[PDB]
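What follows is one structure encoded as structure tokens, with my remarks underneath.
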Amino acid sequence: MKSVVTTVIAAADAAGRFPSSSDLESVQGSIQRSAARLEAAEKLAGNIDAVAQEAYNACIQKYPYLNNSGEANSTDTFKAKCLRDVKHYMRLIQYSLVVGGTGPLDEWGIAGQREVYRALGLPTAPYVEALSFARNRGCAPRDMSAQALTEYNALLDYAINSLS
Amino acid sequence: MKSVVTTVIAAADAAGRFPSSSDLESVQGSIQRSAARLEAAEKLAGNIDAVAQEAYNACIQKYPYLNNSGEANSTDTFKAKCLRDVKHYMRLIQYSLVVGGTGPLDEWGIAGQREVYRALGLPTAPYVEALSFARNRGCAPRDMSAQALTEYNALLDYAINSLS
Amino acid sequence: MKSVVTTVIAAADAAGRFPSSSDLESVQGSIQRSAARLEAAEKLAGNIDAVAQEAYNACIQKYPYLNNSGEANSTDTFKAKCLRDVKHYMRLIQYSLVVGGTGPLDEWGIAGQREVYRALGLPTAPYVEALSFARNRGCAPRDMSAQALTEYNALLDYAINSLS
Amino acid sequence: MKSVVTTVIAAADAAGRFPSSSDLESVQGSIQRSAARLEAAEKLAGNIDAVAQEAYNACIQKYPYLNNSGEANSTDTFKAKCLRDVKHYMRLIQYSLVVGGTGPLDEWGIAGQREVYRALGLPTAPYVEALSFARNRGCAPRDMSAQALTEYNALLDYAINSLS
Amino acid sequence: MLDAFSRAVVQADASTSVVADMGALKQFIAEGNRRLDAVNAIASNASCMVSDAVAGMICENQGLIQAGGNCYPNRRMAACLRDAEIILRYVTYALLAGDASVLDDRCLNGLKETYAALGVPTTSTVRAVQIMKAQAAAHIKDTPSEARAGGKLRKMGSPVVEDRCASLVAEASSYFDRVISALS
Amino acid sequence: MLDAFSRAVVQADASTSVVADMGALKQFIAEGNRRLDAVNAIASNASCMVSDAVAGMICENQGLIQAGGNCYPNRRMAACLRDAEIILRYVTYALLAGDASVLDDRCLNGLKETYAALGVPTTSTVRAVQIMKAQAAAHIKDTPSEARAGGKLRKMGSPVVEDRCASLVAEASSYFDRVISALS
Amino acid sequence: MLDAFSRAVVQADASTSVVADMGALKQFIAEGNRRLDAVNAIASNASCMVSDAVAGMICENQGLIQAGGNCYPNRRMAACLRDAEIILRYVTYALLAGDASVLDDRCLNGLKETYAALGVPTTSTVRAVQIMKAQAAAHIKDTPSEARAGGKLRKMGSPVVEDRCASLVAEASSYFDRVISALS
Amino acid sequence: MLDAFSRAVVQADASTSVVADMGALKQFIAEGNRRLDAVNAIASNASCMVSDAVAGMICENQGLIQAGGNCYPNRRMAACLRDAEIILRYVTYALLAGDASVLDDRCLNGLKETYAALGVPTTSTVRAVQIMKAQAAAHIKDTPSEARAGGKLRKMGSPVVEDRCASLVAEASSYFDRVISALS
Ligand SMILES: *C(=C)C1=C(C)[C@@H](Cc2[nH]c(/C=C3N=C(/C=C4\NC(=O)[C@H](C)[C@H]4[C@@H](*)C)C(C)=C\3CCC(=O)O)c(CCC(=O)O)c2C)NC1=O
Ligand SMILES: *C(=C)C1=C(C)[C@@H](Cc2[nH]c(/C=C3N=C(/C=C4\NC(=O)[C@H](C)[C@H]4[C@@H](*)C)C(C)=C\3CCC(=O)O)c(CCC(=O)O)c2C)NC1=O
Ligand SMILES: *C(=C)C1=C(C)[C@@H](Cc2[nH]c(/C=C3N=C(/C=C4\NC(=O)[C@H](C)[C@H]4[C@@H](*)C)C(C)=C\3CCC(=O)O)c(CCC(=O)O)c2C)NC1=O
Ligand SMILES: *C(=C)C1=C(C)[C@@H](Cc2[nH]c(/C=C3N=C(/C=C4\NC(=O)[C@H](C)[C@H]4[C@@H](*)C)C(C)=C\3CCC(=O)O)c(CCC(=O)O)c2C)NC1=O
Ligand SMILES: *[C@@H](C)[C@H]1/C(=C/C2=NC(=C\c3[nH]c(C[C@H]4NC(=O)C(C=C)=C4C)c(C)c3CCC(=O)O)/C(CCC(=O)O)=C2C)NC(=O)[C@@H]1C
Ligand SMILES: *[C@@H](C)[C@H]1/C(=C/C2=NC(=C\c3[nH]c(C[C@H]4NC(=O)C(C=C)=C4C)c(C)c3CCC(=O)O)/C(CCC(=O)O)=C2C)NC(=O)[C@@H]1C
Ligand SMILES: *[C@@H](C)[C@H]1/C(=C/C2=NC(=C\c3[nH]c(C[C@H]4NC(=O)C(C=C)=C4C)c(C)c3CCC(=O)O)/C(CCC(=O)O)=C2C)NC(=O)[C@@H]1C
Ligand SMILES: *[C@@H](C)[C@H]1/C(=C/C2=NC(=C\c3[nH]c(C[C@H]4NC(=O)C(C=C)=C4C)c(C)c3CCC(=O)O)/C(CCC(=O)O)=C2C)NC(=O)[C@@H]1C
Ligand SMILES: *[C@H](C)[C@H]1/C(=C/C2=NC(=C\c3[nH]c(C[C@H]4NC(=O)C(C=C)=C4C)c(C)c3CCC(=O)O)/C(CCC(=O)O)=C2C)NC(=O)[C@@H]1C
Ligand SMILES: *[C@H](C)[C@H]1/C(=C/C2=NC(=C\c3[nH]c(C[C@H]4NC(=O)C(C=C)=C4C)c(C)c3CCC(=O)O)/C(CCC(=O)O)=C2C)NC(=O)[C@@H]1C
Ligand SMILES: *[C@H](C)[C@H]1/C(=C/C2=NC(=C\c3[nH]c(C[C@H]4NC(=O)C(C=C)=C4C)c(C)c3CCC(=O)O)/C(CCC(=O)O)=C2C)NC(=O)[C@@H]1C
Ligand SMILES: *[C@H](C)[C@H]1/C(=C/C2=NC(=C\c3[nH]c(C[C@H]4NC(=O)C(C=C)=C4C)c(C)c3CCC(=O)O)/C(CCC(=O)O)=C2C)NC(=O)[C@@H]1C
Ligand SMILES: *[C@H](C)[C@H]1/C(=C/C2=NC(=C\c3[nH]c(C[C@H]4NC(=O)C(C=C)=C4C)c(C)c3CCC(=O)O)/C(CCC(=O)O)=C2C)NC(=O)[C@@H]1C
Ligand SMILES: O=P([O-])([O-])O
Ligand SMILES: O=P([O-])([O-])O
Ligand SMILES: O=P([O-])([O-])O
Ligand SMILES: O=P([O-])([O-])O
Ligand SMILES: O=P([O-])([O-])O
Ligand SMILES: O=P([O-])([O-])O
Ligand SMILES: O=P([O-])([O-])O
Ligand SMILES: O=P([O-])([O-])O
Ligand code: NA
Ligand code: NA
Ligand code: NA
Ligand code: NA
Ligand code: NA
């Protein structure tokens, strides 16, 4: 699971090395940046339902054709799954804020996503719009500090890039 | 050359990734730890000759047989080389403090050292003793701060471990 | 284990060949040379303790610093182990004379030697001097035939090379 | 070209080794066996036309159908080429006795032989009979010493095996 | 690869000397947070940048999307998009490291010869890289325009200073210039 | 591999729930400098630890260096020294990460079976590990004795607290105990 | 692989002792020329031996060359011929070395399982190996019969002794028995 | 690779003729024991030769061990020691075979071009090979000097003849000259 520490351990192990000076220095970066990313993680842990609900609503507002017969937001099951999927991305962003690398999002969100959505005929633009809404929505210090918001926004952009 | 940033870049490149959260976080560690290691680097840059001279002196005091006819410190040229060698290690330590990883020591000191010393009949114990003397010599706050001295000592132990 | 016959069998097997002319001819060389090397092996078998003792004694005479507190010949246990080690190399030489290839010395003496002596901070120069003494000591016809002595000396020089 | 010495060199090179005891011992086998094989080589060099002629005559005696219309010994050009081919094998045997390994026979006779004879519709049994006649013909000490004859016969059987 | 600090060490080693000027190195550290922001600004906008740059290259040279053109058929368009991303990726590594060596060594060396053997057109390659250079400068300054953003505008929200990180803009632009230099 | 933070994530993902407990995470961060000192204390002393542990295993069990012993001949001694280093290396990774997964996955899984196929004696392996555990504890606490240091004593110079990093000593010891459990 | 001499050294090494008793070893040297003749006798006749042995196996069991038989169709007959030759080749290596290790390590290990998975019949394989054992005995003694030679008789012309190399015949035979036992 | 005898066979095959001149080949055989002594003389002293030669090359050119020198830093010194040993190894193979083919084919072909691309200096490589040539000549003749032996003198003890193996010294020296000519 990609984080600061697992990246440097994997590099050390590939070379048969004990942890050395740059490995310790890297982990000091986690000590320093952790406050911002855990602040965002805590915000998101407390308010993920509302955050996901509004992002979902925004993507349907953008693309009302999804409500038409045969389309991906058209049935009660579909509506529930689409909201659930937005919440899954947010949860994986919460995890990635906890870890301080993209591992959770990479392994549990991104890997396979394109194949799944192609198979099920799910368009990617609504996913992008939900995440895009969420990315443009936050402001500091209203919602969280400026650096917490930097961390949150970076993970949303990471997700957006993976679907673009 | 191994450092915080080249390690993360190499890991990113192997996976076809742009820099991501854990890469930036790792580099913040360099921002943080730099003061300590650069303090040590400055001290060593300003006093390298005296530091090497006393460490060299200590290894010959330990192993006076090196002066006896035929041995590795017994002539003027040999004497000069041995002191020079001790200074090379301390210069590579200075470089490693600047870089924040062991790259300079690895690439320009450690690689090949055992084969060179073997071929030339040069015993490794006196190298270890010079570095050991240097490792036990420093104290804080006299010579530098406690964390500068931690950086300095860790690289000396890195070099000692390479020869042990 | 490397010998005349295992070398030619390995080469034949790699090519899917029965033994052929050059394989048989190689083994004729063992029939011819065995007299010299087995003579040396029998001499060494019958006098190994004295031969190793004088080699050990020579290496300590060259390096009296080994007797000093904290050095590798400084305790009764260490003195016994050093003599033992010299005897191990002579025993492996005896085995190599029996086999007619360097297999026993390569597999049971040389492989790992550098790593062992490094880890224990044992200097290699005393091993080299013991073997060197042994190499320069014999003369023919006093000790054995001139071709026997050639065989014995060649294996001592093979061991010296491995440590040099 | 496979010989005693090239086999041990190739094995030493694959392992990054200088020549060692078993390599020298193998070559002493060539010093010893060379008398036998160079005796056979000398006799064959001096009498190759007669040796080849009678072997060729024997193979046609065994297979007179080869003289019939359309068969492989039925024209003057075919007759000349068949005898020439018998002589080629005997010359390669002569070379193999000189080298002390099968290299010249392997590379210049055996390699490709089955493809060539198949393409031209040439039966192998007459080749085998020529070599078989040659193999059963010699006697010692009339033609050469018993050990020279053993070398000659072994290469003839090596050639027969390659065609059987 | 090297970084800005090992680059200084290589220069010192040329005269078997200690690194004595702590000044420029302490400047790298002082601007370290800005440098992280600059990298974030590019990486965070990379898909948009690549797509827009390749599209721009094409709208300025329609021959690329007609028979015989090097972004025709779909396979070639795809390969071009991939390359523009690769290039931007290695530029971003150079900016994180504060040194061009990873870009030079892992992306640029052999690129001219590779493209010449394939018939990838230099003129158009240059334009794609120029557009990415301009995009990168705007994102580092956090001044992208609505006019160029095609409904996809992003603001980074870093602490603003009057020069808008001019030295980092210049450095980033120098790396894009190295890409272009490597084609001739 | 996992680390202490991704461990919490995997536990939460098992119930597709957010990570709610920030306090435990913040405690990891608060002891981060002491953790880095603990790792530095082992890594810095690793050659001395390994050699002393293997030598101690041998002085307590002379069978290992006598005929048919598993540290005879040189090749076997060298393999053993290498193994003790490998085990210490993966224990130190586990301590840096705050999680045993790298040690389980990359070192311990399959190792008991590998050793049974080679005949590497379990009681001696365990003893080498026990010695390394005791060394690690003393170096983390920065209280090695002269009596065990063989004239090679090192002082770390970390800032002293009354408990001398008891929690990290217990955690490091737990990783050595995991090795012992897996291999016996 | 080991040879007769290295086998003796492995014995001595088990007690960390010099090789003192050299009588058996000096006998190997005194019988070395006859061992080379024994090897030459088998290698020189190997194609005849293999073909005759597989043909004998078959003439004693026509099921092998009928529907469902393990030497039917041509590819199976060819594979059988190839195997008999492989086996004979490794037996000759064992005889040259004076030690079965090459044969056990490089030929016999896993052979039973291989044949089981393929359905190669043990009874028939054993008979082929038994025929080759008899052939090799007669060629080592240099007493093949015209009756069994099918117009292809060869005489080796080695110097005759009363026992006709009984010791080497027994040793060769033991290697063939080892092949058979590996299928038991 | 070829040896002295297969070289003669290649020459004979160029006119599809038997090898008739047995004399030069019977001279090879007569000098075989001295050839094995000559190879033993070099192989047995190889470490001392290589280290002394490379040290000699350096003491005559101190530029090699200064900044920018091709034996600086440790890695380059090691690579150079490795190469001198490789070269000597291949020369010794050629002397054992009595033919340069192994040396030309496996060591010298492409070597000058390899060194040019790396910037390995020619004059210095030649010097190291010159010193090894001179050492080899002394060891073959069994007349090394105390002056040059640095307290590591070895005597071979081979049976002395008045010419001290003049033909083999010329031959060995010719192989070293081949190396030097290939690198010049
Ligand atoms: C074809 C008709 C054609 C185009 C396609 C387009 C290409 C083009 N783009 C620019 C400049 C920029 N594009 C930017 C991209 C983005 N901004 C964002 O906010 C999102 C994240 C992203 C993707 C849309 C940016 C930042 C710029 C920089 C300038 C600015 O922001 O104002 C150019 C100009 C390049 C140059 O200066 O040489 C071009 C040509 N133009 C077309 O004609
Ligand atoms: C054989 C006669 C034999 C030994 C060899 C020795 C092995 C042994 N070692 C310990 C404990 C420690 N060894 C330590 C090592 C070092 N300390 C240093 O300062 C340097 C860097 C390094 C290498 C020498 C350390 C730190 C300890 C911890 C205890 C302490 O410091 O006081 C033990 C005890 C292990 C246990 O408690 O189970 C043993 C057995 N002893 C021998 O008998
Ligand atoms: C099928 C009708 C059938 C056979 C085919 C044949 C098989 C068989 N062969 C032997 C014994 C030997 N065969 C030998 C082979 C050869 N002798 C030579 O001179 C040439 C070079 C070579 C190939 C033809 C030899 C040497 C023997 C040994 C005995 C001897 O020489 O007298 C046997 C007997 C096996 C046994 O004893 O168990 C068999 C069965 N027999 C068939 O029925
Ligand atoms: C540096 C100032 C410097 C040197 C280092 C040295 C290099 C050098 N060495 C020789 C000649 C030989 N060296 C030999 C080596 C050995 N002899 C032994 O007995 C042992 C086993 C071995 C290792 C020490 C030998 C055999 C010679 C041959 C000459 C001799 O024996 O007298 C030379 C001379 C090369 C030549 O003749 O062209 C040089 C330059 N000299 C330095 O100045
Ligand atoms: C040009 C690049 C920008 C700009 C950037 C500035 N950033 C400044 C401060 C700052 N940035 C960060 C985030 C950065 N550090 C990290 O550790 C990580 C990720 C791990 C990132 C992305 C931090 C933490 C800080 C310091 C805190 C703060 O000041 O709020 C900054 C001010 C300091 C300086 O002058 O260098 C600037 C100028 N500014 C601009 O005007 C353009 C748009
Ligand atoms: C048990 C491990 C020790 C012990 C350790 C303590 N270390 C404390 C502080 C500290 N350590 C470092 C160095 C560390 N941080 C890094 O970034 C790097 C390398 C990149 C390393 C090696 C720093 C920077 C600090 C903080 C500065 C300081 O306090 O001086 C520390 C105090 C904080 C705390 O209570 O956690 C402790 C206790 N202490 C002991 O008693 C044993 C010997
Ligand atoms: C059972 C195997 C035989 C038999 C064999 C004997 N061979 C004897 C002597 C002998 N054989 C060779 C040839 C051999 N040596 C080589 O170097 C090579 C190839 C490179 C081969 C093939 C030599 C040189 C000699 C020695 C000279 C001589 O004796 O003429 C031999 C006599 C010595 C002894 O008793 O061991 C025997 C008995 N004898 C038999 O009766 C069966 C058929
Ligand atoms: C120049 C190279 C020397 C020198 C050499 C001579 N060696 C002579 C004889 C000889 N050497 C050996 C050992 C050799 N044969 C082997 O089988 C093996 C290893 C397997 C080796 C190392 C033997 C067995 C013999 C024959 C026994 C003997 O003569 O004592 C030799 C004399 C014969 C000849 O003239 O060719 C010479 C001259 N002599 C010199 O002056 C320089 C130093
Ligand atoms: C800065 C003043 C902005 C801006 C911000 C507004 N946000 C408003 C409501 C709102 N925002 C969110 C997302 C936020 N909550 C979280 O928990 C997280 C992340 C974990 C984020 C980023 C939510 C769920 C809500 C609704 C609940 C709430 O009021 O907090 C808001 C109120 C009016 C509105 O809903 O638009 C404002 C004003 N508004 C701006 O125009 C500037 C650019
Ligand atoms: C703490 C008070 C120690 C202690 C320290 C002493 N060190 C003394 C001299 C000394 N130390 C060094 C090494 C130091 N200089 C550097 O530039 C660097 C690293 C870059 C280090 C680690 C040198 C070269 C010297 C000699 C020059 C000088 O005096 O500064 C020293 C003076 C007396 C002496 O030489 O021993 C002391 C007192 N002494 C102690 O007793 C505690 C444990
Ligand atoms: C001092 C603690 C020793 C000692 C040392 C001597 N070293 C000798 C030669 C030598 N040293 C090195 C390593 C050095 N060169 C580098 O480029 C670097 C790192 C960048 C280092 C650390 C090399 C490569 C060499 C060989 C080339 C040369 O001569 O410079 C030396 C001369 C040995 C000889 O010529 O026979 C000595 C005496 N002497 C002592 O007593 C202790 C063991
Ligand atoms: C040739 C005349 C030499 C020389 C030789 C001397 N050796 C003496 C004693 C001696 N040598 C050995 C080693 C020898 N014994 C073995 O078993 C083996 C190999 C297996 C070898 C090489 C031993 C153990 C001894 C002591 C017992 C004994 O006397 O045999 C010796 C006696 C005086 C002395 O001890 O130095 C001589 C004269 N001396 C020379 O000066 C020329 C060059
Ligand atoms: C042993 C006494 C045999 C036997 C042998 C005879 N061979 C006869 C003639 C003959 N043999 C060869 C082949 C021979 N010459 C060579 O140069 C070489 C190898 C290089 C070999 C193996 C030739 C070419 C000839 C014809 C020329 C000649 O007379 O030498 C021979 C004469 C009568 C005949 O032609 O058969 C005999 C007696 N004869 C026997 O009865 C026993 C079993
Ligand atoms: O993984 P993906 O499916 O390619 O997104
Ligand atoms: O690299 P090294 O030589 O092994 O130290
Ligand atoms: O094996 P080594 O350790 O390299 O001697
Ligand atoms: O090579 P070959 O054709 O198979 O004979
Ligand atoms: O590491 P690099 O060489 O830069 O790729
Ligand atoms: O990464 P991993 O799977 O833990 O080894
Ligand atoms: O060599 P080997 O192990 O017998 O196969
Ligand atoms: O074998 P070779 O071809 O000479 O490498
Ligand atoms: Na993308
Ligand atoms: Na070490
Ligand atoms: Na060596
Ligand atoms: Na065949
Ligand atoms: Na267990």
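Residue numbers (the entry's author numbering), protein chains in the order written: chain B, 1 to 164; chain E, 1 to 164; chain C, 1 to 164; chain F, 1 to 164; chain Q, 1 to 184; chain N, 1 to 184; chain O, 1 to 184; chain R, 1 to 184. By construction, the Cβ of each residue, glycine as well, lies at the ideal position given by its N, Cα and C atoms.
Check: residue i C-beta below 7 Å from any heavy atom of ligand 5
| i | result |
| --- | --- |
| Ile-140(Q) | yes |
Collapsed DSSP secondary structure at residue i in the structure displayed
| i | result |
| --- | --- |
| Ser-145(O) | coil |
| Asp-21(N) | coil |
| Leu-153(R) | coil |
Residue i CB to nearest heavy atom of ligand 12 below 7 Å
| i | result |
| --- | --- |
| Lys-87(C) | no |
Whole-number beta carbon distance between residue j and residue i, since they are thought to touch under 8 Å
| i | j | result |
| --- | --- | --- |
| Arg-75(N) | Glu-107(C) | 7 Å |
| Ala-182(R) | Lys-112(R) | 6 Å |
Residue i CB to nearest heavy atom of ligand 13 below 7 Å
| i | result |
| --- | --- |
| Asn-57(F) | no |
Residue i CB to nearest heavy atom of ligand 14 below 7 Å
| i | result |
| --- | --- |
| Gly-112(C) | no |
heavy atom of ligand 16 below 7 Å from residue i C-beta
| i | result |
| --- | --- |
| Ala-119(E) | no |
Anything with a beta carbon under 5 Å from a heavy atom of ligand 25 counts; list them all in chain order. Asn-161(F), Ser-164(F) and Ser-47(O)
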